[PDB]
$ cat start-v7.pdb   # PDB, C-alpha atoms
ATOM      1  CA  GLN D   1    -125.509 -50.264-151.719
ATOM      2  CA  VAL D   2    -123.114 -53.207-151.738
ATOM      3  CA  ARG D   3    -120.690 -53.022-154.651
ATOM      4  CA  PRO D   4    -121.107 -56.259-156.699
ATOM      5  CA  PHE D   5    -118.212 -58.739-156.730
ATOM      6  CA  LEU D   6    -117.675 -58.492-160.497
ATOM      7  CA  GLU D   7    -117.275 -54.709-160.296
ATOM      8  CA  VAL D   8    -114.968 -55.004-157.285
ATOM      9  CA  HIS D   9    -112.791 -57.607-158.990
ATOM     10  CA  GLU D  10    -112.687 -55.624-162.235
ATOM     11  CA  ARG D  11    -111.276 -52.465-160.630
ATOM     12  CA  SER D  12    -108.646 -54.152-158.495
ATOM     13  CA  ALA D  13    -107.347 -56.190-161.440
ATOM     14  CA  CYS D  14    -103.924 -55.561-162.951
ATOM     15  CA  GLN D  15    -104.323 -52.671-165.410
ATOM     16  CA  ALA D  16    -103.045 -49.182-166.163
ATOM     17  CA  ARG D  17    -104.370 -46.559-163.766
ATOM     18  CA  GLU D  18    -103.491 -43.064-162.574
ATOM     19  CA  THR D  19    -100.333 -43.265-160.471
ATOM     20  CA  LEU D  20     -98.216 -40.673-158.684
ATOM     21  CA  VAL D  21     -94.598 -40.640-159.858
ATOM     22  CA  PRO D  22     -92.114 -38.451-157.954
ATOM     23  CA  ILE D  23     -89.769 -36.642-160.352
ATOM     24  CA  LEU D  24     -86.860 -37.994-158.257
ATOM     25  CA  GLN D  25     -88.140 -41.527-158.852
ATOM     26  CA  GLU D  26     -88.280 -41.081-162.645
ATOM     27  CA  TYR D  27     -84.936 -39.230-162.564
ATOM     28  CA  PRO D  28     -82.718 -40.404-159.672
ATOM     29  CA  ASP D  29     -80.006 -37.937-160.781
ATOM     30  CA  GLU D  30     -82.184 -34.839-160.188
ATOM     31  CA  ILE D  31     -80.962 -34.569-156.591
ATOM     32  CA  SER D  32     -80.372 -30.822-156.274
ATOM     33  CA  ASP D  33     -83.279 -28.785-157.537
ATOM     34  CA  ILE D  34     -86.787 -28.154-156.343
ATOM     35  CA  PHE D  35     -89.624 -29.181-158.644
ATOM     36  CA  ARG D  36     -93.251 -28.026-158.737
ATOM     37  CA  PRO D  37     -95.130 -30.244-158.610
ATOM     38  CA  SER D  38     -92.652 -32.661-157.009
ATOM     39  CA  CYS D  39     -94.529 -35.620-158.559
ATOM     40  CA  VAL D  40     -96.733 -36.202-161.627
ATOM     41  CA  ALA D  41     -99.788 -38.371-162.285
ATOM     42  CA  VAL D  42     -99.495 -40.714-165.262
ATOM     43  CA  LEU D  43    -100.795 -44.166-166.113
ATOM     44  CA  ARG D  44     -98.886 -47.057-164.535
ATOM     45  CA  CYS D  45     -99.631 -50.750-164.120
ATOM     46  CA  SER D  46    -101.064 -51.790-160.765
ATOM     47  CA  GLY D  47    -103.495 -54.314-159.346
ATOM     48  CA  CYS D  48    -103.633 -57.501-157.278
ATOM     49  CA  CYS D  49    -102.949 -60.515-159.510
ATOM     50  CA  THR D  50    -105.171 -63.579-159.057
ATOM     51  CA  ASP D  51    -101.941 -65.531-158.490
ATOM     52  CA  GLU D  52    -100.551 -63.668-155.456
ATOM     53  CA  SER D  53     -96.962 -64.474-156.432
ATOM     54  CA  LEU D  54     -97.204 -62.554-159.709
ATOM     55  CA  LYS D  55     -96.543 -58.837-160.183
ATOM     56  CA  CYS D  56     -98.653 -56.481-162.289
ATOM     57  CA  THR D  57     -96.115 -55.377-164.879
ATOM     58  CA  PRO D  58     -96.103 -53.321-168.086
ATOM     59  CA  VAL D  59     -95.886 -55.142-171.428
ATOM     60  CA  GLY D  60     -96.623 -51.968-173.354
ATOM     61  CA  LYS D  61     -95.481 -48.386-172.864
ATOM     62  CA  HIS D  62     -94.929 -44.967-174.402
ATOM     63  CA  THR D  63     -93.616 -41.589-173.287
ATOM     64  CA  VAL D  64     -95.556 -38.450-172.469
ATOM     65  CA  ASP D  65     -94.118 -34.926-172.252
ATOM     66  CA  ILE D  66     -95.142 -32.870-169.241
ATOM     67  CA  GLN D  67     -94.577 -29.213-168.346
ATOM     68  CA  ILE D  68     -92.744 -29.006-164.998
ATOM     69  CA  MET D  69     -91.392 -26.038-163.030
ATOM     70  CA  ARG D  70     -87.749 -26.288-161.994
ATOM     71  CA  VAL D  71     -86.814 -24.077-159.087
ATOM     72  CA  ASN D  72     -83.232 -23.101-158.276
ATOM     73  CA  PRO D  73     -82.781 -24.009-154.589
ATOM     74  CA  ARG D  74     -80.366 -21.156-153.868
ATOM     75  CA  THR D  75     -81.885 -18.261-155.850
ATOM     76  CA  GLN D  76     -85.482 -19.581-155.846
ATOM     77  CA  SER D  77     -85.767 -18.590-159.506
ATOM     78  CA  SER D  78     -88.357 -20.568-161.494
ATOM     79  CA  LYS D  79     -88.170 -21.869-165.062
ATOM     80  CA  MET D  80     -90.599 -24.081-167.013
ATOM     81  CA  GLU D  81     -89.352 -27.131-168.868
ATOM     82  CA  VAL D  82     -90.674 -30.202-170.620
ATOM     83  CA  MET D  83     -89.994 -33.466-168.832
ATOM     84  CA  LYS D  84     -90.555 -36.938-170.258
ATOM     85  CA  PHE D  85     -92.277 -39.677-168.281
ATOM     86  CA  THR D  86     -92.943 -43.309-169.149
ATOM     87  CA  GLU D  87     -96.624 -44.221-169.243
ATOM     88  CA  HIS D  88     -97.869 -47.808-169.312
ATOM     89  CA  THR D  89    -100.335 -48.819-172.014
ATOM     90  CA  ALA D  90    -100.678 -52.570-171.383
ATOM     91  CA  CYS D  91    -100.165 -54.742-168.317
ATOM     92  CA  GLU D  92     -99.825 -58.407-167.415
ATOM     93  CA  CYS D  93     -99.357 -60.425-164.262
ATOM     94  CA  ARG D  94     -95.781 -61.673-164.561
ATOM     95  CA  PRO D  95     -93.423 -63.772-162.424
ATOM     96  CA  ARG D  96     -90.617 -62.048-160.533
ATOM     97  CA  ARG D  97     -87.650 -64.305-161.235
ATOM     98  CA  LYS D  98     -85.335 -64.907-158.291
ATOM     99  CA  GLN D  99     -82.109 -63.058-159.170
ATOM    100  CA  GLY D 100     -78.748 -64.489-158.141
TER     101      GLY D 100
ATOM    102  CA  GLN V   1     -98.409 -32.823-177.249
ATOM    103  CA  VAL V   2     -96.869 -31.395-174.089
ATOM    104  CA  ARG V   3     -99.262 -31.592-171.151
ATOM    105  CA  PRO V   4     -99.748 -28.007-169.824
ATOM    106  CA  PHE V   5     -98.358 -27.177-166.372
ATOM    107  CA  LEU V   6    -101.769 -26.318-164.899
ATOM    108  CA  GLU V   7    -103.172 -29.714-165.902
ATOM    109  CA  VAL V   8    -100.076 -31.500-164.598
ATOM    110  CA  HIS V   9    -100.217 -29.682-161.268
ATOM    111  CA  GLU V  10    -103.961 -30.263-160.930
ATOM    112  CA  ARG V  11    -103.720 -34.058-161.215
ATOM    113  CA  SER V  12    -100.767 -34.521-158.893
ATOM    114  CA  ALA V  13    -102.365 -32.368-156.187
ATOM    115  CA  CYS V  14    -103.578 -33.848-152.911
ATOM    116  CA  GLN V  15    -107.071 -35.239-153.560
ATOM    117  CA  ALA V  16    -109.095 -38.440-153.403
ATOM    118  CA  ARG V  17    -108.243 -40.882-156.177
ATOM    119  CA  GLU V  18    -108.579 -44.586-156.935
ATOM    120  CA  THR V  19    -106.232 -46.505-154.644
ATOM    121  CA  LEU V  20    -105.499 -50.194-154.155
ATOM    122  CA  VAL V  21    -106.129 -51.378-150.595
ATOM    123  CA  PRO V  22    -105.072 -54.930-149.673
ATOM    124  CA  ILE V  23    -107.716 -56.625-147.513
ATOM    125  CA  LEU V  24    -104.910 -57.474-145.045
ATOM    126  CA  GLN V  25    -104.072 -53.771-144.804
ATOM    127  CA  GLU V  26    -107.673 -52.775-143.997
ATOM    128  CA  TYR V  27    -107.998 -55.790-141.667
ATOM    129  CA  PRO V  28    -104.639 -56.763-140.108
ATOM    130  CA  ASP V  29    -106.369 -59.609-138.214
ATOM    131  CA  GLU V  30    -107.437 -61.456-141.398
ATOM    132  CA  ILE V  31    -104.191 -63.447-141.428
ATOM    133  CA  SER V  32    -105.453 -66.936-142.281
ATOM    134  CA  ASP V  33    -107.809 -66.946-145.221
ATOM    135  CA  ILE V  34    -107.435 -66.370-148.917
ATOM    136  CA  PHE V  35    -109.390 -63.497-150.442
ATOM    137  CA  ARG V  36    -110.406 -62.864-154.056
ATOM    138  CA  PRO V  37    -109.562 -60.248-155.008
ATOM    139  CA  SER V  38    -106.790 -59.852-152.418
ATOM    140  CA  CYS V  39    -107.124 -56.042-152.634
ATOM    141  CA  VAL V  40    -109.882 -53.549-153.527
ATOM    142  CA  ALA V  41    -109.901 -50.196-155.323
ATOM    143  CA  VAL V  42    -111.517 -47.343-153.402
ATOM    144  CA  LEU V  43    -110.945 -43.610-153.133
ATOM    145  CA  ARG V  44    -108.057 -42.566-150.882
ATOM    146  CA  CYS V  45    -106.183 -39.309-150.395
ATOM    147  CA  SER V  46    -102.906 -38.979-152.277
ATOM    148  CA  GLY V  47    -100.840 -36.314-153.988
ATOM    149  CA  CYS V  48     -97.633 -34.310-153.606
ATOM    150  CA  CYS V  49     -98.247 -31.323-151.318
ATOM    151  CA  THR V  50     -96.786 -27.965-152.379
ATOM    152  CA  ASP V  51     -95.050 -27.926-148.981
ATOM    153  CA  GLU V  52     -92.973 -31.124-149.247
ATOM    154  CA  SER V  53     -93.068 -31.664-145.482
ATOM    155  CA  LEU V  54     -96.856 -32.032-145.422
ATOM    156  CA  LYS V  55     -98.804 -35.253-145.975
ATOM    157  CA  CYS V  56    -101.956 -35.583-148.070
ATOM    158  CA  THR V  57    -104.443 -36.707-145.440
ATOM    159  CA  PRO V  58    -108.196 -37.321-145.220
ATOM    160  CA  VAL V  59    -110.373 -34.746-143.442
ATOM    161  CA  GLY V  60    -113.553 -36.411-144.643
ATOM    162  CA  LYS V  61    -114.523 -40.059-144.996
ATOM    163  CA  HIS V  62    -117.307 -42.619-145.240
ATOM    164  CA  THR V  63    -117.610 -46.386-145.548
ATOM    165  CA  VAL V  64    -118.465 -48.448-148.598
ATOM    166  CA  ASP V  65    -119.618 -52.082-148.588
ATOM    167  CA  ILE V  66    -117.936 -54.392-151.073
ATOM    168  CA  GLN V  67    -118.645 -57.993-152.083
ATOM    169  CA  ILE V  68    -115.521 -60.109-151.473
ATOM    170  CA  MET V  69    -114.879 -63.845-151.850
ATOM    171  CA  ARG V  70    -113.408 -65.564-148.803
ATOM    172  CA  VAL V  71    -111.650 -68.812-149.560
ATOM    173  CA  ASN V  72    -110.916 -71.451-146.925
ATOM    174  CA  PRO V  73    -107.174 -72.158-147.265
ATOM    175  CA  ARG V  74    -107.470 -75.827-146.293
ATOM    176  CA  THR V  75    -110.673 -76.903-148.082
ATOM    177  CA  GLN V  76    -110.532 -74.252-150.844
ATOM    178  CA  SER V  77    -114.266 -73.696-150.393
ATOM    179  CA  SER V  78    -115.501 -70.245-151.459
ATOM    180  CA  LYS V  79    -118.108 -68.011-149.823
ATOM    181  CA  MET V  80    -119.190 -64.447-150.675
ATOM    182  CA  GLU V  81    -119.383 -61.803-147.979
ATOM    183  CA  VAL V  82    -119.783 -58.069-147.602
ATOM    184  CA  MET V  83    -116.695 -56.256-146.382
ATOM    185  CA  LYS V  84    -116.540 -52.628-145.280
ATOM    186  CA  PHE V  85    -113.797 -50.281-146.441
ATOM    187  CA  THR V  86    -113.087 -46.667-145.538
ATOM    188  CA  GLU V  87    -113.219 -44.286-148.488
ATOM    189  CA  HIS V  88    -111.883 -40.735-148.347
ATOM    190  CA  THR V  89    -114.159 -37.898-149.430
ATOM    191  CA  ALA V  90    -112.018 -34.839-148.626
ATOM    192  CA  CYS V  91    -108.278 -34.305-148.297
ATOM    193  CA  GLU V  92    -105.850 -31.706-146.989
ATOM    194  CA  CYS V  93    -102.103 -31.311-146.777
ATOM    195  CA  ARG V  94    -101.404 -31.710-143.064
ATOM    196  CA  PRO V  95     -98.304 -31.713-140.844
ATOM    197  CA  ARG V  96     -97.021 -35.012-139.470
ATOM    198  CA  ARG V  97     -96.319 -34.168-135.839
ATOM    199  CA  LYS V  98     -93.148 -35.678-134.404
ATOM    200  CA  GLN V  99     -94.345 -38.308-131.905
ATOM    201  CA  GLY V 100     -92.405 -38.919-128.701
TER     202      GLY V 100
END
$ encode --input "start-v7.pdb" --output "structure tokens"
Amino acid sequence: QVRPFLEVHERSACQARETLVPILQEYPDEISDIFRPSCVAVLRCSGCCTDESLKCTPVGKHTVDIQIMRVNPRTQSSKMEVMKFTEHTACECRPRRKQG
Amino acid sequence: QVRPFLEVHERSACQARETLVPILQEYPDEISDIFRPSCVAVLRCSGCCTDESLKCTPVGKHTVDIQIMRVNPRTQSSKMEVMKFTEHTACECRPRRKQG
């Protein structure tokens, strides 16, 4: 079956969808420890804007608390903790202004 | 509500999930025309492997046919066509052998 154009276009459009977020990406300062999992799946804005120069960007967001395991790299001891991650609730195709 | 560890781990695990695939990525030779949408959403393997050195890779796949609009960049004339895309059906955390 050929997937209809409207359906194809609808799914690739800029919107919030499940996205993998490395803990190190959300928290650049967490450079020493081991985390399990090393990334989390939360909703983030993504899609190919009709105007190819625009970026799918969040215009709405909230925070979600996730249980993560922190592992001490030297002793290998594990400990559970709650870690906050930004989740996108609304998205729009926006221009990326030229900085500088 | 804090999302439980098991649920967190389950979603970030290597598995097939909705992924944006630019038409130019699937077809590197399609360098001249304009496509609407410019990318499609199909299932692809992604996730953070428990062993951080391993890559989430497909071990099963099939092809899906999608309706895409091809636009002539000089005349701006549109035409619908069916375009094939690889979709991943099974995934595994596999080693990335050092080439060379």
$ closest_residue --input "start-v7.pdb" --among "D:71, D:80, D:66, D:14" --to "chain V" --atoms "all atoms listed in the file"
D:66
$ residues_near_point --input "start-v7.pdb" --point "(-96.6, -34.9, -155.1)" --cutoff "8 Å" --atoms "all atoms listed in the file" --output "list in words"
residues 20, 21, 22, 37, 38, 39 and 40 of chain D; 12, 13, 14, 47, 48, 49, 50 and 52 of chain V
$ closest_residue --input "start-v7.pdb" --among "D:67, D:15, D:53, D:25" --to "chain V" --atoms "only C-alpha atoms"
D:67
$ atom_distance --input "start-v7.pdb" --atom1 "CA of residue 62 in chain V" --atom2 "CA of residue 3 in chain D"
14.4 Å
$ calpha_fit_and_write --input "start-v7.pdb" --fixed "chain V" --moving "chain D" --output "JSON list (two decimals) with C-alpha atoms, keeping the file's coordinate frame"
[["chain", "number", "residue", "atom", "x", "y", "z"],
["D", 1, "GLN", "CA", -98.41, -32.82, -177.25],
["D", 2, "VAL", "CA", -96.87, -31.40, -174.09],
["D", 3, "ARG", "CA", -99.26, -31.59, -171.15],
["D", 4, "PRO", "CA", -99.75, -28.01, -169.82],
["D", 5, "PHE", "CA", -98.36, -27.18, -166.37],
["D", 6, "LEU", "CA", -101.77, -26.32, -164.90],
["D", 7, "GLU", "CA", -103.17, -29.71, -165.90],
["D", 8, "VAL", "CA", -100.08, -31.50, -164.60],
["D", 9, "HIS", "CA", -100.22, -29.68, -161.27],
["D", 10, "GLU", "CA", -103.96, -30.26, -160.93],
["D", 11, "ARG", "CA", -103.72, -34.06, -161.22],
["D", 12, "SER", "CA", -100.77, -34.52, -158.89],
["D", 13, "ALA", "CA", -102.37, -32.37, -156.19],
["D", 14, "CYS", "CA", -103.58, -33.85, -152.91],
["D", 15, "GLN", "CA", -107.07, -35.24, -153.56],
["D", 16, "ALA", "CA", -109.10, -38.44, -153.40],
["D", 17, "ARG", "CA", -108.24, -40.88, -156.18],
["D", 18, "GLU", "CA", -108.58, -44.59, -156.94],
["D", 19, "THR", "CA", -106.23, -46.50, -154.64],
["D", 20, "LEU", "CA", -105.50, -50.19, -154.16],
["D", 21, "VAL", "CA", -106.13, -51.38, -150.60],
["D", 22, "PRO", "CA", -105.07, -54.93, -149.67],
["D", 23, "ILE", "CA", -107.72, -56.62, -147.51],
["D", 24, "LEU", "CA", -104.91, -57.47, -145.05],
["D", 25, "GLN", "CA", -104.07, -53.77, -144.80],
["D", 26, "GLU", "CA", -107.67, -52.78, -144.00],
["D", 27, "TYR", "CA", -108.00, -55.79, -141.67],
["D", 28, "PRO", "CA", -104.64, -56.76, -140.11],
["D", 29, "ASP", "CA", -106.37, -59.61, -138.21],
["D", 30, "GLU", "CA", -107.44, -61.46, -141.40],
["D", 31, "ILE", "CA", -104.19, -63.45, -141.43],
["D", 32, "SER", "CA", -105.45, -66.94, -142.28],
["D", 33, "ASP", "CA", -107.81, -66.95, -145.22],
["D", 34, "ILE", "CA", -107.43, -66.37, -148.92],
["D", 35, "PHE", "CA", -109.39, -63.50, -150.44],
["D", 36, "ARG", "CA", -110.41, -62.86, -154.06],
["D", 37, "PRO", "CA", -109.56, -60.25, -155.01],
["D", 38, "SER", "CA", -106.79, -59.85, -152.42],
["D", 39, "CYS", "CA", -107.12, -56.04, -152.63],
["D", 40, "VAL", "CA", -109.88, -53.55, -153.53],
["D", 41, "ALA", "CA", -109.90, -50.20, -155.32],
["D", 42, "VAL", "CA", -111.52, -47.34, -153.40],
["D", 43, "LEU", "CA", -110.94, -43.61, -153.13],
["D", 44, "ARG", "CA", -108.06, -42.57, -150.88],
["D", 45, "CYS", "CA", -106.18, -39.31, -150.39],
["D", 46, "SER", "CA", -102.91, -38.98, -152.28],
["D", 47, "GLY", "CA", -100.84, -36.31, -153.99],
["D", 48, "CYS", "CA", -97.63, -34.31, -153.61],
["D", 49, "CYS", "CA", -98.25, -31.32, -151.32],
["D", 50, "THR", "CA", -96.79, -27.97, -152.38],
["D", 51, "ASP", "CA", -95.05, -27.93, -148.98],
["D", 52, "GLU", "CA", -92.97, -31.12, -149.25],
["D", 53, "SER", "CA", -93.07, -31.66, -145.48],
["D", 54, "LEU", "CA", -96.86, -32.03, -145.42],
["D", 55, "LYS", "CA", -98.80, -35.25, -145.97],
["D", 56, "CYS", "CA", -101.96, -35.58, -148.07],
["D", 57, "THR", "CA", -104.44, -36.71, -145.44],
["D", 58, "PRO", "CA", -108.20, -37.32, -145.22],
["D", 59, "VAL", "CA", -110.37, -34.75, -143.44],
["D", 60, "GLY", "CA", -113.55, -36.41, -144.64],
["D", 61, "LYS", "CA", -114.52, -40.06, -145.00],
["D", 62, "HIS", "CA", -117.31, -42.62, -145.24],
["D", 63, "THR", "CA", -117.61, -46.39, -145.55],
["D", 64, "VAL", "CA", -118.46, -48.45, -148.60],
["D", 65, "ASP", "CA", -119.62, -52.08, -148.59],
["D", 66, "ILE", "CA", -117.94, -54.39, -151.07],
["D", 67, "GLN", "CA", -118.65, -57.99, -152.08],
["D", 68, "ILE", "CA", -115.52, -60.11, -151.47],
["D", 69, "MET", "CA", -114.88, -63.84, -151.85],
["D", 70, "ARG", "CA", -113.41, -65.56, -148.80],
["D", 71, "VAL", "CA", -111.65, -68.81, -149.56],
["D", 72, "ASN", "CA", -110.92, -71.45, -146.92],
["D", 73, "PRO", "CA", -107.17, -72.16, -147.26],
["D", 74, "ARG", "CA", -107.47, -75.83, -146.29],
["D", 75, "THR", "CA", -110.67, -76.90, -148.08],
["D", 76, "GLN", "CA", -110.53, -74.25, -150.84],
["D", 77, "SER", "CA", -114.27, -73.70, -150.39],
["D", 78, "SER", "CA", -115.50, -70.24, -151.46],
["D", 79, "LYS", "CA", -118.11, -68.01, -149.82],
["D", 80, "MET", "CA", -119.19, -64.45, -150.68],
["D", 81, "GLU", "CA", -119.38, -61.80, -147.98],
["D", 82, "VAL", "CA", -119.78, -58.07, -147.60],
["D", 83, "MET", "CA", -116.70, -56.26, -146.38],
["D", 84, "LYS", "CA", -116.54, -52.63, -145.28],
["D", 85, "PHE", "CA", -113.80, -50.28, -146.44],
["D", 86, "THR", "CA", -113.09, -46.67, -145.54],
["D", 87, "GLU", "CA", -113.22, -44.29, -148.49],
["D", 88, "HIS", "CA", -111.88, -40.73, -148.35],
["D", 89, "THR", "CA", -114.16, -37.90, -149.43],
["D", 90, "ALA", "CA", -112.02, -34.84, -148.63],
["D", 91, "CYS", "CA", -108.28, -34.30, -148.30],
["D", 92, "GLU", "CA", -105.85, -31.71, -146.99],
["D", 93, "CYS", "CA", -102.10, -31.31, -146.78],
["D", 94, "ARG", "CA", -101.40, -31.71, -143.06],
["D", 95, "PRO", "CA", -98.30, -31.71, -140.84],
["D", 96, "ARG", "CA", -97.02, -35.01, -139.47],
["D", 97, "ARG", "CA", -96.32, -34.17, -135.84],
["D", 98, "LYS", "CA", -93.15, -35.68, -134.40],
["D", 99, "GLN", "CA", -94.35, -38.31, -131.90],
["D", 100, "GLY", "CA", -92.40, -38.92, -128.70]]
$ residues_around --input "start-v7.pdb" --residues "residue 89 in chain D" --least-positions-apart "6" --cutoff "9 Å" --atoms "only C-alpha atoms" --output "list in words"
residues 15, 16, 43, 44, 45, 58, 59, 60, 61 and 62 of chain D
